[PDB]
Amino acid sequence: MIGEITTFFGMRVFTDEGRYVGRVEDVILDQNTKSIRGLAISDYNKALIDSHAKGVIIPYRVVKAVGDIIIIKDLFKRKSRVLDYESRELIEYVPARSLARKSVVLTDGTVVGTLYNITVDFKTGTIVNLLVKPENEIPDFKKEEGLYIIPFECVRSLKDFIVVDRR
């Protein structure tokens, strides 16, 4: 259920009707809601998607399962419009990879380190932790496997420098 964001990368996505959607290229994040917003897909199925973009974004709420593959709700169908005189019906934000190995700093200006990875809940889509490769010795963040465990609650911006506070 809970794991690291790099796991998404390269995973094939299918629908819950067994139909191939594509391969995850990136993961779209939201600081305001501390959650995954969408998945960026490439090598995407033309039979299902009418589009000329390099990649398409699937909103994260349609994700049902993340295992060896990602299963999403099948939404690649046509609704049928109702006809009044006929019983028949008619038919006619920050990407995760752009945070790669950025520098992480405190509110005062201390250089905390370089971002290594991001911990997320795959069912909920909540962002849980940052994992920062250390460069200085701040006592404000606990450690595991030699990385700073920064609760995402404490992140205050994510532009050219990842900015982090003690609370």
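The first residue of the shown sequence is 1; numbering continues from there.
Gap check for residue 92 to residue 93: 10 or more deposited residues are absent from the model. For the two regions 150-158 and 21-29, the entry's Cα B-factors average higher over 150-158. The PDB entry reports B-factors from which the mean C-alpha value can be compared for 82-90 and 67-75; the larger average falls on 82-90. Residue set 36, 105, 48, 131: peak C-alpha B-factor at 105 (per PDB entry). Of all the options 110, 124, 119, 42, the entry's greatest CA B-factor is assigned to 110. In this PDB entry, residue 55 carries a Cα temperature factor that places it within the middle third of its chain's modelled residues.
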